Amino acid sequence: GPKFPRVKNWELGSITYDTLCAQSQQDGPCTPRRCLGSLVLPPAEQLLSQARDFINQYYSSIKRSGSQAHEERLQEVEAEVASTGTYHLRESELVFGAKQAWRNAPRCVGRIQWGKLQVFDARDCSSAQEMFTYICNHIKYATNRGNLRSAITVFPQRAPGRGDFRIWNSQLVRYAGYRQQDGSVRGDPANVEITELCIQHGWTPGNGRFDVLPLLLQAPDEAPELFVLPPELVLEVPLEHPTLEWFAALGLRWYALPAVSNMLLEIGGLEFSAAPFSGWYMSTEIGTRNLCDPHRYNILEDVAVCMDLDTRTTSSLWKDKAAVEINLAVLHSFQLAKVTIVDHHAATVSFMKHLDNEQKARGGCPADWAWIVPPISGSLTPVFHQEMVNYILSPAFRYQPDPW
Amino acid sequence: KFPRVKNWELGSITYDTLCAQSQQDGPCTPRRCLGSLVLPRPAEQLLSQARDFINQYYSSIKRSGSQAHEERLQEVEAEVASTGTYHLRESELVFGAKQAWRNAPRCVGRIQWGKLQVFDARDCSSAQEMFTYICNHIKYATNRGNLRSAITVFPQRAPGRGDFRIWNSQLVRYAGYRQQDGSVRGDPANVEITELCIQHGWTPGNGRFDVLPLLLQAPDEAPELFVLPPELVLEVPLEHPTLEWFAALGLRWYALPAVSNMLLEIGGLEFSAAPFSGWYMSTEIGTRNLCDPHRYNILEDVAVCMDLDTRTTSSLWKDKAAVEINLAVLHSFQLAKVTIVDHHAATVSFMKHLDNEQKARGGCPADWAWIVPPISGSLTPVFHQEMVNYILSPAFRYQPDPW
Ligand code: HEM
Ligand code: HEM
Ligand SMILES: CNCCc1cccc(OCc2ccc3ccc(N)nc3c2)c1
Ligand SMILES: CNCCc1cccc(OCc2ccc3ccc(N)nc3c2)c1
Ligand SMILES: C[C@H](O)[C@H](O)[C@H]1CNc2nc(N)[nH]c(=O)c2N1
Ligand SMILES: C[C@H](O)[C@H](O)[C@H]1CNc2nc(N)[nH]c(=O)c2N1
Ligand SMILES: [Zn+2]
């Protein structure tokens with residue numbers, strides 16, 4: 001019947017149609033000839049159209065579409081672009097835009113929380129020292145002694161001619177990755193490059209598996225400066241297992257706060273190259289991805305030998321048995337330490353509730369199935385059985401090239 | 001133009017150039033990706049698909065441009081021009097069936113694609129004969145637990161008449177009986193087909209694992225009911241290597257996964273009945289068939305027998321019970337000497353397949369959402385492998401249910 005993507009839930013046998021994808025102004029990587037959905041990373045005229053669109057979104061969100069204030073804001077922006085080549089967001093537009101960006105993020109399973117986001121305006125920042133202060137305040141507010149709070153700090157937008165504000169680190173908290181003379185890596189292999197960049201920039205390196213990286217912070221047209229986080233601001237959780245007593249002896253830990261700092265926040269044509277945001281972890285991110293990926297800490301075989309599993313054959317499911325206990329330990333230790341965490345079952349359930357909310361609110365919800373489905377116990381969570389439509393809406397969080 | 005495909009565990013990059021041979025559109029557009037949807041929403045044509053297929057065949061035997069190649073193009077051309085259609089030689093059919101398997105983006109088992117026994121059943125005139133061919137298929141494929149991939153191909157669709165159809169989705173399925181109080185005894189996926197068998201005069205049982213009769217339809221006739229000789233249906237009792245109470249659950253599954261509702265398309269010809277079988281990957285039985293909420297849904301029961309904390313999600317009881325169920329399946333098949341493959345071995349061999357196919361064809365169509373197993377996804381190498389999905393012909397396709 002209806003000329004929109006038909007979406008089915010296979011568990012519940014229920015059908016919806018996604019009408020929201022109609023508002024997509026940007027094309028993704030797919031064509032009728034081939035699907036590329038599994039790939040991880042696939043001007044006044046243009047600015048004004050993008051800005052007009054966002055102001056329309058904004059005034060709709062406050063139910064004043066067509067109003068006098070709506071049309072004056074429209075003229076205010078058009079004139080401003082016509083004199084400076086760019087424009088500025090009012091504070092409340094920025095708060096709306098940052099929330100809409102999160103709400104729009106197809107790969108985030110935690111979007112039920114999208115309306116609860118503290119937005120810190122840091123668009124007055126003028127130095128790297130000042131960026132450090134804002135970041136520290138963010139970590140403090142967001143960490144909140146374990147009772148984690150979603151937040152984003154927004155630094156000054158891209159300016160014509162001028163250089164960008166950039167945070168070189170991919171997250172505000174990351175473990176060092178030290179390449180060894182025998183080819184291997186101590187710490188996190190995901191962070192080898194940034195570790196080497198820190199060292200070249202004056203950092204004295206440690207030699208632990210869990211050394212916290214300093215921040216490399218870049219103000220416009222200046223070389224990045226190096227800032228060490230004071231340890232007390234970085235909440236870490238030592239990992240133990242509820243029944244396997246030896247697990248604590250492994251000496252594994254993880255940081256409380258997932259704080260992504262390398263993404264670009266795009267709102268109404270304006271690009272915020274530095275706008276770090278944080279939430280809380282889903283257990284599988286730490287337990288399965290960071291600790292068990294072969295190209296990460298890769299501790300699966302280690303745990304399995306302690307569990308006395310037959311690691312000589314795939315068919316013992318030793319990988320699965322070990323991964324479950326690691327995830328259980330992440331969950332148990334965070335709960336024990338009273339630090340906010342969510343398991344992949346609770347997260348996915350809450351995401352289905354989000355899909356139902358957005359279905360009523362907006363006629364659909366952009367979602368990237370491969371990313372939404374958790375990396376262990378896939379078909380055990382309800383999102384596995386949920387068809388999803390993927391597309392790009394704006395405001396948006398976007399990937400950006402590394403500054404170097 | 002050509003997609004840059006990356007493996008994120010190894011850092012390596014390939015470029016898929018095979019996708020340029022796709023002549024059939026998928027469900028995605030630049031505006032939106034629909035890759036997670038399970039099902040889809042004359043003479044000039046047939047002749048071009050026929051030429052293209054004949055070209056693939058003679059290219060496969062390294063005989064392109066030869067005399068036999070040329071004469072075979074003229075036969076097909078002459079037959080279509082006169083009759084609106086044509087027929088495949090048995091050799092072409094064998095090649096076509098193998099290519100369809102090779103091209104199936106959702107199949108993790110494709111390392112095996114060149115080892116496929118093809119039965120020509122195109123001389124079938126009745127439901128009775130379909131039943132004979134099917135019994136032979138199962139006997140061959142089962143082979144006392146040493147499973148061998150097979151396909152049996154029934155007469156192609158024809159302009160005038162109805163299709164040969166097997167109404168069952170697989171040759172071997174368990175009944176699903178809808179109880180008065182809404183709930184279902186047996187396999188809920190098969191409530192509809194189980195009802196159809198009953199209406200057509202089948203005496204139903206009341207078990208959780210009652211093997212269904214086959215509903216076979218010869219063109220433009222009512223389907224007929226045939227009961228599979230119980231000795232033809234190898235089943236495996238499920239037990240656990242260390243949990244002795246597990247066998248007490250009376251769990252079982254059949255040996256032979258034999259899909260019978262899909263359409264085989266070769267060179268423009270369509271074969272509406274063409275059941276095929278290989279062997280199970282353990283997670284199909286353990287995770288999806290037994291643990292899915294809309295199937296046998298045994299997770300909570302098993303979790304209670306392990307004395308797990310069902311009260312909360314954060315105890316990962318579901319994850320724990322699922323692993324022991326998959327282990328039970330592997331153990332039980334290995335103990336009954338019935339071919340099976342775990343999802344780790346399967347995915348490892350699919351990576352080998354991708355590498356072979358990269359050298360052979362310049363790519364490999366793959367549906368990531370289907371290739372990554374339903375438990376322990378990122379613990380397998382395919383998870384970290386970018387994949388390109390597209391449609392090549394010959395191909396297996398879905399088709400409407402004949403009722
Ligand atoms: C509040 C708790 C939150 C949870 C549980 C959560 C959960 C997740 C998870 C599990 C992923 C998958 C990432 C991976 O496996 O690498 C993800 C991706 C993502 N999240 Fe959320 N998130 C939360 C808060 C936030 C916030 C506050 C934002 C932004 C304001 C956000 C934006 C994103 C974006 C943009 C992605 C995609 C990243 C990419 O494409 O690389 N999330 N989220
Ligand atoms: C030899 C052992 C084989 C294994 C281990 C295997 C494995 C699998 C698995 C695990 C799936 C996903 C099925 C599901 O989740 O329901 C699948 C799908 C599929 N397989 Fe294979 N397979 C084998 C042989 C074959 C053969 C012989 C053929 C055809 C000649 C074939 C054709 C297909 C097709 C067309 C699909 C997609 C089914 C659909 O879209 O519903 N497979 N396979
Ligand atoms: C290897 N991933 C490529 C992109 C990338 C790189 C570095 C970090 C990264 O994190 C994704 C991400 C973003 C936001 C999150 C918010 C909360 C949360 N629990 N996880 C979150 C995870 C994503
Ligand atoms: C529910 N999936 C869509 C249609 C459908 C209907 C009934 C059965 C079915 O099985 C998929 C399928 C196909 C071929 C297979 C080959 C081997 C194997 N082990 N499993 C296989 C599984 C597929
Ligand atoms: C190749 C594939 O896209 C890649 O491994 C993806 C799969 N799904 C993912 N899902 C999440 N949440 N995070 C990831 O990093 C990935 N990686
Ligand atoms: C909605 C989603 O596409 C659907 O559940 C898919 C996911 N991946 C799958 N993968 C396999 N092998 N088999 C399936 O039936 C499915 N189902
Ligand atoms: Zn797609």
# chains A, B, ... in the order shown; residues from 1 in each chain; ligands from 1
$ residues_around --residues "residue 127 of chain B" --least-positions-apart "5" --cutoff "7 Å" --atoms "only C-alpha atoms" --output "PyMOL selection string"
chain B and resi 216-218+224
$ write_last_selection --atoms "C-alpha atoms" --output "mmCIF file, in the first residue's frame"
data_model
loop_
_atom_site.group_PDB
_atom_site.id
_atom_site.type_symbol
_atom_site.label_atom_id
_atom_site.label_comp_id
_atom_site.auth_asym_id
_atom_site.auth_seq_id
_atom_site.Cartn_x
_atom_site.Cartn_y
_atom_site.Cartn_z
ATOM 1 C CA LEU B 216 3.107 -31.797 -2.868
ATOM 2 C CA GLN B 217 1.392 -29.952 -5.682
ATOM 3 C CA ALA B 218 1.469 -30.941 -9.327
ATOM 4 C CA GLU B 224 -1.474 -34.219 -2.028
#
$ residues_around --residues "residue 136 of chain A" --least-positions-apart "6" --cutoff "10 Å" --atoms "only C-alpha atoms" --output "ChimeraX atom specification"
/A:130,142,172,229-230,233-234
$ residues_around --residues "residue 139 of chain A" --least-positions-apart "5" --cutoff "12 Å" --atoms "only C-alpha atoms" --output "number ranges by chain"
A: 120, 132-134, 144-146, 148-153, 171-173, 229-235, 255-260, 276-280
$ interface_residues --of "chain A" --to "chain B" --cutoff "6 Å" --atoms "only C-alpha atoms" --output "number ranges by chain"
A: 11, 27-28, 30-36, 38-39, 295, 314-315, 343, 375-379, 387, 389-391
$ residues_around --residues "residue 354 of chain B" --least-positions-apart "6" --cutoff "9 Å" --atoms "only C-alpha atoms" --output "NGL selection string"
:B and (111 or 363-364 or 366)
$ closest_residue --among "A:326, A:265, A:135, A:270" --to "residue 51 of chain A" --atoms "only C-alpha atoms"
A:270
$ residues_near_ligand --ligand "ligand 4" --cutoff "8 Å" --atoms "only C-alpha atoms and all ligand atoms" --output "list in words"
residues 38, 39, 107, 109, 169, 170, 256, 257, 258, 259, 260, 261, 262, 276, 277, 278, 279, 280, 281, 284 and 398 of chain B
$ select_by_dssp --residues "segment 115-246 of chain A" --states "strand (DSSP E or B)" --output "VMD selection string"
chain A and resid 118 to 121 151 to 154 166 to 167 171 175 177 to 179 185 to 187 212 215 to 218 225 to 227 236 to 238
$ residues_near_ligand --ligand "ligand 1" --cutoff "9 Å" --atoms "only C-alpha atoms and all ligand atoms" --output "VMD selection string"
chain A and resid 40 to 41 98 to 114 116 to 119 148 to 152 258 to 260 263 265 276 to 285 289 341 to 344 347 371 to 372 374 to 375 396 to 399
$ atom_distance --atom1 "atom 13 (N, counted along the ligand's line) of ligand 6" --atom2 "atom CA of residue 10 of chain A"
11.2 Å
$ residues_around --residues "residue 209 of chain A" --least-positions-apart "5" --cutoff "10 Å" --atoms "only C-alpha atoms" --output "list in words"
residues 175, 176, 177, 178, 185, 186, 187, 188, 251, 252, 253 and 297 of chain A
$ closest_residue --among "A:248, A:373, A:300, A:200" --to "residue 385 of chain A" --atoms "only C-alpha atoms"
A:373
$ residues_around --residues "residue 336 of chain B" --least-positions-apart "6" --cutoff "12 Å" --atoms "only C-alpha atoms" --output "ChimeraX atom specification"
/B:144-146,234-239,252-255,329-330
$ write_last_selection --atoms "N, CA, C and O atoms" --output "JSON list (two decimals), in the first residue's frame"
[["chain", "number", "residue", "atom", "x", "y", "z"],
["B", 144, "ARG", "N", 23.11, -41.86, 6.33],
["B", 144, "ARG", "CA", 23.37, -42.39, 7.67],
["B", 144, "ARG", "C", 24.17, -41.46, 8.59],
["B", 144, "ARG", "O", 24.91, -41.91, 9.47],
["B", 145, "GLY", "N", 24.00, -40.15, 8.39],
["B", 145, "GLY", "CA", 24.64, -39.16, 9.24],
["B", 145, "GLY", "C", 25.86, -38.49, 8.63],
["B", 145, "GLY", "O", 26.30, -37.44, 9.12],
["B", 146, "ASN", "N", 26.41, -39.10, 7.59],
["B", 146, "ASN", "CA", 27.49, -38.47, 6.83],
["B", 146, "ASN", "C", 26.89, -37.64, 5.71],
["B", 146, "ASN", "O", 26.83, -38.05, 4.54],
["B", 234, "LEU", "N", 16.23, -38.93, 9.82],
["B", 234, "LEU", "CA", 17.19, -39.02, 10.91],
["B", 234, "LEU", "C", 16.98, -37.86, 11.88],
["B", 234, "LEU", "O", 16.92, -36.69, 11.47],
["B", 235, "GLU", "N", 16.83, -38.20, 13.15],
["B", 235, "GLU", "CA", 16.68, -37.21, 14.20],
["B", 235, "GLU", "C", 17.77, -37.44, 15.22],
["B", 235, "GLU", "O", 18.28, -38.56, 15.36],
["B", 236, "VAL", "N", 18.11, -36.39, 15.96],
["B", 236, "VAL", "CA", 19.14, -36.45, 16.97],
["B", 236, "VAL", "C", 18.56, -36.04, 18.33],
["B", 236, "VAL", "O", 18.08, -34.92, 18.50],
["B", 237, "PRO", "N", 18.58, -36.96, 19.30],
["B", 237, "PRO", "CA", 18.22, -36.66, 20.69],
["B", 237, "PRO", "C", 19.27, -35.74, 21.30],
["B", 237, "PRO", "O", 20.46, -36.00, 21.12],
["B", 238, "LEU", "N", 18.85, -34.68, 21.99],
["B", 238, "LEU", "CA", 19.80, -33.73, 22.54],
["B", 238, "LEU", "C", 20.16, -34.06, 23.99],
["B", 238, "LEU", "O", 19.28, -34.28, 24.83],
["B", 239, "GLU", "N", 21.45, -34.10, 24.27],
["B", 239, "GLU", "CA", 21.93, -34.27, 25.63],
["B", 239, "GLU", "C", 23.14, -33.36, 25.84],
["B", 239, "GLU", "O", 23.72, -32.84, 24.89],
["B", 252, "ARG", "N", 14.98, -32.67, 20.90],
["B", 252, "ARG", "CA", 15.52, -33.31, 19.71],
["B", 252, "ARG", "C", 15.44, -32.37, 18.51],
["B", 252, "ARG", "O", 14.70, -31.37, 18.52],
["B", 253, "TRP", "N", 16.22, -32.68, 17.48],
["B", 253, "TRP", "CA", 16.12, -31.97, 16.22],
["B", 253, "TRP", "C", 16.48, -32.92, 15.10],
["B", 253, "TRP", "O", 17.15, -33.93, 15.34],
["B", 254, "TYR", "N", 16.01, -32.64, 13.89],
["B", 254, "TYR", "CA", 16.31, -33.51, 12.75],
["B", 254, "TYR", "C", 17.67, -33.17, 12.16],
["B", 254, "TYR", "O", 18.19, -32.06, 12.36],
["B", 255, "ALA", "N", 18.24, -34.12, 11.43],
["B", 255, "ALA", "CA", 19.59, -34.00, 10.91],
["B", 255, "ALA", "C", 19.68, -33.11, 9.67],
["B", 255, "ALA", "O", 20.68, -32.42, 9.45],
["B", 329, "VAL", "N", 23.76, -29.22, 21.47],
["B", 329, "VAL", "CA", 23.54, -29.59, 20.06],
["B", 329, "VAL", "C", 24.80, -30.18, 19.42],
["B", 329, "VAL", "O", 24.74, -31.25, 18.77],
["B", 330, "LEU", "N", 25.93, -29.51, 19.61],
["B", 330, "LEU", "CA", 27.19, -29.96, 19.03],
["B", 330, "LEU", "C", 27.57, -31.32, 19.56],
["B", 330, "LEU", "O", 27.80, -32.25, 18.79]]
$ residues_around --residues "residue 238 of chain A" --least-positions-apart "4" --cutoff "12 Å" --atoms "only C-alpha atoms" --output "number ranges by chain"
A: 210, 247-256, 329-339
$ select_by_dssp --residues "segment 108-350 of chain A" --states "helix (DSSP H, G or I)" --output "PyMOL selection string"
chain A and resi 111-113+128-146+189-200+231-233+245-250+283-292+300-306+314-316+318-336+344-350
$ atom_distance --atom1 "atom CA of residue 356 of chain B" --atom2 "atom 16 (C, counted along the ligand's line) of ligand 5"
25.0 Å
$ closest_residue --among "A:401, A:293, A:361, A:129" --to "ligand 5" --atoms "only C-alpha atoms and all ligand atoms"
A:293
$ closest_residue --among "A:340, A:23, A:50, A:261" --to "residue 273 of chain A" --atoms "only C-alpha atoms"
A:261
